[PDB]
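A single chain comes next, written as structure tokens; it is the form deposited in one PDB entry.
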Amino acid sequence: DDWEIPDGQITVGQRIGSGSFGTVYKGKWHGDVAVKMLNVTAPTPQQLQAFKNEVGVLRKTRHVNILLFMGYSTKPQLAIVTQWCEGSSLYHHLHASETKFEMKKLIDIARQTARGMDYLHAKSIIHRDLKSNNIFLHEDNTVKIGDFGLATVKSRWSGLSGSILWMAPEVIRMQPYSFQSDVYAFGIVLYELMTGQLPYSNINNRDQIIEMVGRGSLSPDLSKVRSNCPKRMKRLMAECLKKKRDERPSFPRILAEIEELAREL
């Protein structure tokens, strides 16, 4: 129950990515690990509470498709240790490296993602930021879901531009995060896999997306799916992207639908 890692055991190695609130390094601790530490030693209360929360939901997860939480360190800096994964994100595969997956591989990635998301909702955990950049393809094969954003955490008076494409219309309106908003973002991930594209490719700017999607005048073009896309996947995709929250399926039914389709090959 004590996943604290004493000072001096982790060798902080090469630096791999940083933003505001923390920097992530590759590390050595009984093998290869990924370490995320706060840049400072005197953390603000909001920074400290985000540390408690992140650990609090990570120590609640034990699943092959969730990034393996391994421990935390509080001295000299607040740090979080996870397993090290080789490869790149689904987003990098689909939209940067032009990686061509066979349809059998695309459905399998969707199935593993559905397993991890079905697990998170069973543990009463809303992901809040499910996008193809936070679906890691461990060794280009197994899915590891996490929150790889080094995003700036809320202050005492804050009330995204790389997550607008996966935001449900009610999240955009902000009048918000639920199991159904996670389901919507999953449908956009389904869209990426089945179409090979990001939604709203014919929309020049992001401000038009925010207002138009939030007002119901914009929806992803479902007609862009590849021809070898399974017919029952086109429907489940549209079911996840329904405008109203209480009409999109829950992940149990989502996973079962996809597990069936996989057995049909």
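Note that the rigid core is defined as the largest set of C-alphas that superpose within 1.5 Å between two forms. Start at 1 and count along the sequence shown; that's the residue number.
What follows is about the form deposited in another entry, which we do not show.
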After superposing on the rigid core, which residue out of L48, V64, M212, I203 has its C-alpha displaced by 2 Å or more between this form and the one not shown?
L48
Note yes or no: does the Cα of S250 move by 2 Å or more between this form and the one not shown after the core is superposed?
no
C-alpha of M233 moved at least 2 Å between this form and the one not shown on rigid core
no
Once the core is superposed between this form and the one not shown, does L38 show a C-alpha displacement of at least 2 Å?
yes
So the C-alpha spacing of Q46 and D129 changes by 3 Å or more in the other form; is that change toward closer or farther than shown?
farther
Sense of CA distance change between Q46 and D182 in the other form, threshold 3 Å:
farther
